[PDB]
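As provided, my_file-v6.pdb (PDB, C-alpha atoms) reads as follows.
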ATOM      1  CA  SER A   1      36.441  24.081   6.202  1.00  0.00           C
ATOM      2  CA  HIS A   2      38.316  27.219   4.999  1.00  0.00           C
ATOM      3  CA  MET A   3      39.222  28.282   8.551  1.00  0.00           C
ATOM      4  CA  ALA A   4      38.499  25.041  10.397  1.00  0.00           C
ATOM      5  CA  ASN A   5      40.667  23.657  13.149  1.00  0.00           C
ATOM      6  CA  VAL A   6      43.164  20.916  12.179  1.00  0.00           C
ATOM      7  CA  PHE A   7      43.585  17.484  13.832  1.00  0.00           C
ATOM      8  CA  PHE A   8      46.348  14.853  13.806  1.00  0.00           C
ATOM      9  CA  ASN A   9      45.636  11.345  15.074  1.00  0.00           C
ATOM     10  CA  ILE A  10      48.850  10.341  16.790  1.00  0.00           C
ATOM     11  CA  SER A  11      50.341   6.889  17.387  1.00  0.00           C
ATOM     12  CA  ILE A  12      53.465   6.388  19.496  1.00  0.00           C
ATOM     13  CA  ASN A  13      55.426   3.156  18.947  1.00  0.00           C
ATOM     14  CA  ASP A  14      52.448   1.767  17.011  1.00  0.00           C
ATOM     15  CA  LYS A  15      49.860   2.440  19.710  1.00  0.00           C
ATOM     16  CA  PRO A  16      47.134   5.055  19.250  1.00  0.00           C
ATOM     17  CA  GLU A  17      47.380   7.939  21.703  1.00  0.00           C
ATOM     18  CA  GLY A  18      44.436  10.061  20.575  1.00  0.00           C
ATOM     19  CA  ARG A  19      44.315  13.328  18.673  1.00  0.00           C
ATOM     20  CA  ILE A  20      45.979  16.728  18.727  1.00  0.00           C
ATOM     21  CA  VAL A  21      43.795  19.656  17.594  1.00  0.00           C
ATOM     22  CA  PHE A  22      45.192  22.992  16.461  1.00  0.00           C
ATOM     23  CA  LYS A  23      43.663  26.439  16.124  1.00  0.00           C
ATOM     24  CA  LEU A  24      45.463  28.205  13.285  1.00  0.00           C
ATOM     25  CA  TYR A  25      46.059  31.950  13.234  1.00  0.00           C
ATOM     26  CA  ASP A  26      44.162  32.670   9.998  1.00  0.00           C
ATOM     27  CA  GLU A  27      43.684  36.220  11.315  1.00  0.00           C
ATOM     28  CA  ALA A  28      47.426  36.904  11.321  1.00  0.00           C
ATOM     29  CA  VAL A  29      49.160  34.602   8.840  1.00  0.00           C
ATOM     30  CA  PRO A  30      46.468  33.233   6.518  1.00  0.00           C
ATOM     31  CA  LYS A  31      48.855  32.029   3.758  1.00  0.00           C
ATOM     32  CA  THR A  32      50.897  30.095   6.303  1.00  0.00           C
ATOM     33  CA  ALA A  33      47.821  28.601   7.972  1.00  0.00           C
ATOM     34  CA  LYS A  34      46.400  27.628   4.568  1.00  0.00           C
ATOM     35  CA  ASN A  35      49.543  25.674   3.754  1.00  0.00           C
ATOM     36  CA  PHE A  36      49.441  23.644   6.980  1.00  0.00           C
ATOM     37  CA  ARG A  37      45.678  23.131   6.747  1.00  0.00           C
ATOM     38  CA  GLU A  38      45.689  21.820   3.157  1.00  0.00           C
ATOM     39  CA  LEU A  39      48.683  19.539   3.814  1.00  0.00           C
ATOM     40  CA  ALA A  40      46.673  18.127   6.714  1.00  0.00           C
ATOM     41  CA  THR A  41      43.562  17.611   4.558  1.00  0.00           C
ATOM     42  CA  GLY A  42      45.693  16.074   1.807  1.00  0.00           C
ATOM     43  CA  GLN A  43      43.346  17.760  -0.688  1.00  0.00           C
ATOM     44  CA  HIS A  44      46.101  18.266  -3.251  1.00  0.00           C
ATOM     45  CA  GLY A  45      46.998  14.575  -3.189  1.00  0.00           C
ATOM     46  CA  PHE A  46      49.913  14.798  -0.735  1.00  0.00           C
ATOM     47  CA  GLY A  47      50.468  15.976   2.804  1.00  0.00           C
ATOM     48  CA  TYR A  48      51.008  15.098   6.403  1.00  0.00           C
ATOM     49  CA  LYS A  49      49.071  11.826   6.616  1.00  0.00           C
ATOM     50  CA  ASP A  50      51.456   8.979   7.596  1.00  0.00           C
ATOM     51  CA  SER A  51      54.378  11.332   8.314  1.00  0.00           C
ATOM     52  CA  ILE A  52      56.334  11.269  11.589  1.00  0.00           C
ATOM     53  CA  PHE A  53      58.018  13.554  14.098  1.00  0.00           C
ATOM     54  CA  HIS A  54      61.732  13.264  13.357  1.00  0.00           C
ATOM     55  CA  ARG A  55      63.158  15.536  16.056  1.00  0.00           C
ATOM     56  CA  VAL A  56      62.047  15.930  19.667  1.00  0.00           C
ATOM     57  CA  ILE A  57      64.012  18.024  22.146  1.00  0.00           C
ATOM     58  CA  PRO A  58      62.712  18.001  25.748  1.00  0.00           C
ATOM     59  CA  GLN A  59      61.980  21.485  27.147  1.00  0.00           C
ATOM     60  CA  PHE A  60      62.094  22.917  23.650  1.00  0.00           C
ATOM     61  CA  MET A  61      60.020  21.420  20.842  1.00  0.00           C
ATOM     62  CA  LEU A  62      58.668  18.625  18.656  1.00  0.00           C
ATOM     63  CA  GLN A  63      59.457  18.846  14.929  1.00  0.00           C
ATOM     64  CA  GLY A  64      57.675  17.166  12.046  1.00  0.00           C
ATOM     65  CA  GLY A  65      56.111  17.819   8.669  1.00  0.00           C
ATOM     66  CA  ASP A  66      58.610  16.046   6.382  1.00  0.00           C
ATOM     67  CA  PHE A  67      56.158  14.011   4.316  1.00  0.00           C
ATOM     68  CA  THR A  68      58.584  13.586   1.384  1.00  0.00           C
ATOM     69  CA  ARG A  69      61.743  12.131   2.966  1.00  0.00           C
ATOM     70  CA  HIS A  70      60.386  11.288   6.429  1.00  0.00           C
ATOM     71  CA  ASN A  71      63.581  12.218   8.283  1.00  0.00           C
ATOM     72  CA  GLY A  72      63.918  16.009   8.368  1.00  0.00           C
ATOM     73  CA  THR A  73      65.569  16.441   4.932  1.00  0.00           C
ATOM     74  CA  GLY A  74      62.386  17.067   2.919  1.00  0.00           C
ATOM     75  CA  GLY A  75      58.922  18.638   2.810  1.00  0.00           C
ATOM     76  CA  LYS A  76      57.347  20.921   0.252  1.00  0.00           C
ATOM     77  CA  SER A  77      54.580  23.494   0.444  1.00  0.00           C
ATOM     78  CA  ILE A  78      51.239  23.829  -1.362  1.00  0.00           C
ATOM     79  CA  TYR A  79      52.842  26.856  -3.053  1.00  0.00           C
ATOM     80  CA  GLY A  80      55.865  24.990  -4.439  1.00  0.00           C
ATOM     81  CA  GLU A  81      59.259  24.093  -3.012  1.00  0.00           C
ATOM     82  CA  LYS A  82      59.131  26.986  -0.550  1.00  0.00           C
ATOM     83  CA  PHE A  83      57.373  30.184   0.457  1.00  0.00           C
ATOM     84  CA  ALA A  84      58.167  33.579   2.039  1.00  0.00           C
ATOM     85  CA  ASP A  85      58.001  34.484   5.740  1.00  0.00           C
ATOM     86  CA  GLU A  86      54.482  35.946   5.865  1.00  0.00           C
ATOM     87  CA  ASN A  87      55.088  38.140   8.897  1.00  0.00           C
ATOM     88  CA  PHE A  88      56.338  37.897  12.469  1.00  0.00           C
ATOM     89  CA  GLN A  89      53.228  39.324  14.135  1.00  0.00           C
ATOM     90  CA  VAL A  90      52.876  36.471  16.618  1.00  0.00           C
ATOM     91  CA  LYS A  91      55.779  35.776  18.984  1.00  0.00           C
ATOM     92  CA  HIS A  92      56.813  32.521  20.675  1.00  0.00           C
ATOM     93  CA  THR A  93      55.329  33.496  24.034  1.00  0.00           C
ATOM     94  CA  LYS A  94      53.800  30.260  25.362  1.00  0.00           C
ATOM     95  CA  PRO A  95      54.132  26.463  25.165  1.00  0.00           C
ATOM     96  CA  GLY A  96      52.154  24.613  22.505  1.00  0.00           C
ATOM     97  CA  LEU A  97      52.619  26.996  19.568  1.00  0.00           C
ATOM     98  CA  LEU A  98      52.928  25.977  15.902  1.00  0.00           C
ATOM     99  CA  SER A  99      55.855  27.654  14.187  1.00  0.00           C
ATOM    100  CA  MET A 100      57.430  27.000  10.779  1.00  0.00           C
ATOM    101  CA  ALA A 101      60.760  25.262  10.646  1.00  0.00           C
ATOM    102  CA  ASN A 102      63.063  26.813   8.059  1.00  0.00           C
ATOM    103  CA  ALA A 103      66.564  26.898   6.589  1.00  0.00           C
ATOM    104  CA  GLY A 104      66.949  30.651   6.662  1.00  0.00           C
ATOM    105  CA  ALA A 105      64.832  33.611   5.636  1.00  0.00           C
ATOM    106  CA  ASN A 106      61.911  32.820   3.313  1.00  0.00           C
ATOM    107  CA  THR A 107      62.418  29.059   3.143  1.00  0.00           C
ATOM    108  CA  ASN A 108      59.140  27.744   4.592  1.00  0.00           C
ATOM    109  CA  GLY A 109      58.076  24.361   3.254  1.00  0.00           C
ATOM    110  CA  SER A 110      56.044  21.851   5.240  1.00  0.00           C
ATOM    111  CA  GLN A 111      58.183  21.201   8.321  1.00  0.00           C
ATOM    112  CA  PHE A 112      56.836  22.712  11.509  1.00  0.00           C
ATOM    113  CA  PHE A 113      57.435  22.535  15.201  1.00  0.00           C
ATOM    114  CA  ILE A 114      55.313  22.533  18.299  1.00  0.00           C
ATOM    115  CA  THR A 115      57.015  24.356  21.125  1.00  0.00           C
ATOM    116  CA  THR A 116      56.874  23.023  24.670  1.00  0.00           C
ATOM    117  CA  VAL A 117      58.144  26.287  26.183  1.00  0.00           C
ATOM    118  CA  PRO A 118      58.264  29.963  25.224  1.00  0.00           C
ATOM    119  CA  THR A 119      61.087  30.299  22.673  1.00  0.00           C
ATOM    120  CA  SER A 120      61.588  34.041  22.276  1.00  0.00           C
ATOM    121  CA  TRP A 121      65.023  33.579  20.674  1.00  0.00           C
ATOM    122  CA  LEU A 122      63.159  32.380  17.567  1.00  0.00           C
ATOM    123  CA  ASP A 123      61.077  35.565  17.381  1.00  0.00           C
ATOM    124  CA  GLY A 124      61.483  37.327  14.041  1.00  0.00           C
ATOM    125  CA  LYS A 125      63.127  34.191  12.644  1.00  0.00           C
ATOM    126  CA  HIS A 126      60.361  31.585  12.602  1.00  0.00           C
ATOM    127  CA  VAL A 127      56.742  32.254  11.639  1.00  0.00           C
ATOM    128  CA  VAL A 128      54.244  31.401  14.401  1.00  0.00           C
ATOM    129  CA  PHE A 129      50.968  30.306  12.887  1.00  0.00           C
ATOM    130  CA  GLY A 130      48.848  28.487  15.456  1.00  0.00           C
ATOM    131  CA  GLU A 131      48.378  26.700  18.782  1.00  0.00           C
ATOM    132  CA  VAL A 132      47.420  23.307  20.213  1.00  0.00           C
ATOM    133  CA  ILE A 133      43.958  23.496  21.769  1.00  0.00           C
ATOM    134  CA  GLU A 134      43.552  19.804  22.459  1.00  0.00           C
ATOM    135  CA  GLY A 135      46.046  17.021  23.074  1.00  0.00           C
ATOM    136  CA  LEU A 136      48.683  18.858  25.138  1.00  0.00           C
ATOM    137  CA  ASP A 137      49.050  15.586  27.101  1.00  0.00           C
ATOM    138  CA  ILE A 138      50.129  13.865  23.862  1.00  0.00           C
ATOM    139  CA  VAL A 139      52.581  16.707  23.157  1.00  0.00           C
ATOM    140  CA  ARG A 140      54.076  16.286  26.652  1.00  0.00           C
ATOM    141  CA  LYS A 141      54.232  12.486  26.306  1.00  0.00           C
ATOM    142  CA  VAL A 142      56.030  12.752  22.975  1.00  0.00           C
ATOM    143  CA  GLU A 143      58.347  15.426  24.453  1.00  0.00           C
ATOM    144  CA  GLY A 144      59.315  13.020  27.230  1.00  0.00           C
ATOM    145  CA  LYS A 145      60.527  10.525  24.592  1.00  0.00           C
ATOM    146  CA  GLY A 146      63.071  12.788  22.914  1.00  0.00           C
ATOM    147  CA  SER A 147      66.625  13.636  23.945  1.00  0.00           C
ATOM    148  CA  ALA A 148      68.894  16.658  24.217  1.00  0.00           C
ATOM    149  CA  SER A 149      70.347  15.669  20.823  1.00  0.00           C
ATOM    150  CA  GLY A 150      66.856  15.798  19.301  1.00  0.00           C
ATOM    151  CA  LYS A 151      67.029  12.152  18.272  1.00  0.00           C
ATOM    152  CA  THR A 152      64.294   9.781  19.440  1.00  0.00           C
ATOM    153  CA  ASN A 153      63.693   6.023  19.339  1.00  0.00           C
ATOM    154  CA  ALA A 154      59.938   6.574  19.467  1.00  0.00           C
ATOM    155  CA  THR A 155      57.980   6.351  16.212  1.00  0.00           C
ATOM    156  CA  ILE A 156      55.527   9.203  16.501  1.00  0.00           C
ATOM    157  CA  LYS A 157      53.209   9.002  13.536  1.00  0.00           C
ATOM    158  CA  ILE A 158      50.378  11.042  12.151  1.00  0.00           C
ATOM    159  CA  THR A 159      48.010   8.148  11.333  1.00  0.00           C
ATOM    160  CA  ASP A 160      45.268  10.456  10.058  1.00  0.00           C
ATOM    161  CA  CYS A 161      44.710  14.223   9.803  1.00  0.00           C
ATOM    162  CA  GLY A 162      42.489  16.903   8.316  1.00  0.00           C
ATOM    163  CA  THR A 163      39.951  19.406   9.636  1.00  0.00           C
ATOM    164  CA  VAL A 164      37.407  19.154  12.428  1.00  0.00           C
TER
END
File written out as structure tokens:
Amino acid sequence: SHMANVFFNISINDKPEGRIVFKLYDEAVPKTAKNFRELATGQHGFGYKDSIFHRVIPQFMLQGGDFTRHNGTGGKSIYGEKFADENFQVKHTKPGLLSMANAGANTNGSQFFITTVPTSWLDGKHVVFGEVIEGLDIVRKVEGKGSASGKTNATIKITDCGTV
């Protein structure tokens, strides 16, 4: 499963909505894809399973990946507390891209976002590393439950995850 697609099973407000499947850009940013993939498999004994999406901004993005503090304050990578920006080869040109959340240059951890629009203002600032290939309806349904402020009253949970 070295370059296998990744799935999340998603529940919203405790009800199962189905699965999101991602194709990761191993051919552009392998180190960044590896991180996401192995956090999804949980093979190191920690990772995305049971984490939630803590920020959802309609017409912008869904953000998640904080499996340590579960509120946007945490996350860690398979490489340690953080890792470098691999490259900015792929730009934010279409909805449904995976891109690393960060706190400045070279501060990638485990938090990620799924865009719901092109976000070219993030180009050269956030590392794009994959795309949703199944479950865009779930992405849109989650998106519809956020707010301009980014806060949401929906519990959007990754109930299981790994490779397919």
Selected residue, from A:140, A:69, A:44, A:37, that lies nearest to residue A:162 when counting all atoms listed in the file: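 Under the stated criterion, the closest residue is A:37.
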Report as an mmCIF file with C-alpha atoms, keeping the file's coordinate frame all protein, DNA and RNA residues lying within 12 Å of stretch 15-18 of chain A, evaluated on only C-alpha atoms, omitting residues in the same chain fewer than 2 positions from it.
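Wrote around-v8.cif, looks like this:
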data_model
loop_
_atom_site.group_PDB
_atom_site.id
_atom_site.type_symbol
_atom_site.label_atom_id
_atom_site.label_comp_id
_atom_site.auth_asym_id
_atom_site.auth_seq_id
_atom_site.Cartn_x
_atom_site.Cartn_y
_atom_site.Cartn_z
ATOM 1 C CA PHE A 7 43.585 17.484 13.832
ATOM 2 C CA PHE A 8 46.348 14.853 13.806
ATOM 3 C CA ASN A 9 45.636 11.345 15.074
ATOM 4 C CA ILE A 10 48.850 10.341 16.790
ATOM 5 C CA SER A 11 50.341 6.889 17.387
ATOM 6 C CA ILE A 12 53.465 6.388 19.496
ATOM 7 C CA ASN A 13 55.426 3.156 18.947
ATOM 8 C CA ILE A 20 45.979 16.728 18.727
ATOM 9 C CA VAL A 21 43.795 19.656 17.594
ATOM 10 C CA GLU A 134 43.552 19.804 22.459
ATOM 11 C CA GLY A 135 46.046 17.021 23.074
ATOM 12 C CA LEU A 136 48.683 18.858 25.138
ATOM 13 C CA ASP A 137 49.050 15.586 27.101
ATOM 14 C CA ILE A 138 50.129 13.865 23.862
ATOM 15 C CA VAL A 139 52.581 16.707 23.157
ATOM 16 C CA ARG A 140 54.076 16.286 26.652
ATOM 17 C CA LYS A 141 54.232 12.486 26.306
ATOM 18 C CA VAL A 142 56.030 12.752 22.975
ATOM 19 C CA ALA A 154 59.938 6.574 19.467
ATOM 20 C CA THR A 155 57.980 6.351 16.212
ATOM 21 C CA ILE A 156 55.527 9.203 16.501
ATOM 22 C CA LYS A 157 53.209 9.002 13.536
ATOM 23 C CA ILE A 158 50.378 11.042 12.151
ATOM 24 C CA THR A 159 48.010 8.148 11.333
ATOM 25 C CA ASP A 160 45.268 10.456 10.058
ATOM 26 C CA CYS A 161 44.710 14.223 9.803
#
Picked residues, the PyMOL selection byres ((chain A and resi 114) around 7), expected as a PyMOL selection string: chain A and resi 61-63+96-99+112-113+115-116
Target residues per the PyMOL selection byres ((chain A and resi 85) around 10), formatted as a ChimeraX atom specification: /A:29,31-32,82-84,86-88,100,102,104-108,124-128
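Shortest separation to residue A:132 among A:76, A:118, A:23, A:92 occurs at residue A:23, atoms counted being only C-alpha atoms.
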From A:50, A:143, A:131, A:66, residue lying nearest residue A:94 [only C-alpha atoms]: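 Closest to residue A:94, using only C-alpha atoms: A:131.
The residue that comes closest to residue A:130, out of A:70, A:151, A:55, A:34 and on the basis of all atoms listed in the file, is A:34.
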Within 10 Å of file point (57.0, 10.5, 2.4), counting only C-alpha atoms, expressed as a PyMOL selection string: chain A and resi 46-52+65-71+74-75
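Comparing A:148, A:40, A:90, A:117 by their smallest distance to residue A:60, the closest is A:117 (using only C-alpha atoms).
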My structure is short of atoms at stretch 44-62 of chain A; please model N, CA, C and O atoms there, returning them as a CSV table (one decimal), keeping the file's coordinate frame.
chain,number,residue,atom,x,y,z
A,44,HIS,N,45.3,18.2,-2.0
A,44,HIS,CA,46.1,18.3,-3.3
A,44,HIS,C,46.7,16.9,-3.7
A,44,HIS,O,47.5,16.9,-4.6
A,45,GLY,N,46.5,15.9,-2.9
A,45,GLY,CA,47.0,14.6,-3.2
A,45,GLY,C,48.3,14.2,-2.5
A,45,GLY,O,48.9,13.2,-2.8
A,46,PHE,N,48.7,15.1,-1.6
A,46,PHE,CA,49.9,14.8,-0.7
A,46,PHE,C,49.7,15.5,0.6
A,46,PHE,O,48.8,16.4,0.7
A,47,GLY,N,50.6,15.3,1.6
A,47,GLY,CA,50.5,16.0,2.8
A,47,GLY,C,50.9,15.2,4.0
A,47,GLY,O,51.6,14.2,3.9
A,48,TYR,N,50.4,15.6,5.2
A,48,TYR,CA,51.0,15.1,6.4
A,48,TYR,C,50.6,13.7,6.8
A,48,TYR,O,51.2,13.1,7.6
A,49,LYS,N,49.6,13.1,6.1
A,49,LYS,CA,49.1,11.8,6.6
A,49,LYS,C,50.2,10.8,6.5
A,49,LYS,O,50.8,10.7,5.4
A,50,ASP,N,50.4,10.0,7.5
A,50,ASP,CA,51.5,9.0,7.6
A,50,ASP,C,52.9,9.5,7.8
A,50,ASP,O,53.8,8.7,7.8
A,51,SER,N,53.0,10.8,8.0
A,51,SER,CA,54.4,11.3,8.3
A,51,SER,C,54.7,11.2,9.8
A,51,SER,O,53.8,10.8,10.6
A,52,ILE,N,55.9,11.5,10.2
A,52,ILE,CA,56.3,11.3,11.6
A,52,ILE,C,57.0,12.5,12.1
A,52,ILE,O,57.3,13.4,11.4
A,53,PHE,N,57.2,12.5,13.5
A,53,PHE,CA,58.0,13.6,14.1
A,53,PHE,C,59.5,13.0,14.2
A,53,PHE,O,59.7,12.0,14.8
A,54,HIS,N,60.4,13.8,13.5
A,54,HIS,CA,61.7,13.3,13.4
A,54,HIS,C,62.7,13.8,14.4
A,54,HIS,O,63.9,13.4,14.5
A,55,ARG,N,62.3,14.9,15.1
A,55,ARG,CA,63.2,15.5,16.1
A,55,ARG,C,62.3,15.9,17.2
A,55,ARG,O,61.3,16.5,17.1
A,56,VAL,N,62.8,15.6,18.4
A,56,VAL,CA,62.0,15.9,19.7
A,56,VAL,C,63.1,16.3,20.7
A,56,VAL,O,63.9,15.5,21.1
A,57,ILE,N,63.0,17.5,21.2
A,57,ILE,CA,64.0,18.0,22.1
A,57,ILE,C,63.3,18.4,23.4
A,57,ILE,O,62.5,19.4,23.4
A,58,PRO,N,63.4,17.7,24.5
A,58,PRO,CA,62.7,18.0,25.7
A,58,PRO,C,63.0,19.4,26.2
A,58,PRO,O,64.1,19.9,26.1
A,59,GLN,N,61.9,20.1,26.8
A,59,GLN,CA,62.0,21.5,27.1
A,59,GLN,C,62.3,22.4,26.0
A,59,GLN,O,62.9,23.5,26.2
A,60,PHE,N,61.9,22.0,24.8
A,60,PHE,CA,62.1,22.9,23.6
A,60,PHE,C,61.0,22.7,22.6
A,60,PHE,O,60.1,23.6,22.5
A,61,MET,N,61.0,21.6,21.9
A,61,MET,CA,60.0,21.4,20.8
A,61,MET,C,59.9,20.0,20.2
A,61,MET,O,60.9,19.2,20.4
A,62,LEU,N,58.8,19.8,19.5
A,62,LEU,CA,58.7,18.6,18.7
A,62,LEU,C,58.7,19.1,17.2
A,62,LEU,O,58.1,20.1,16.9
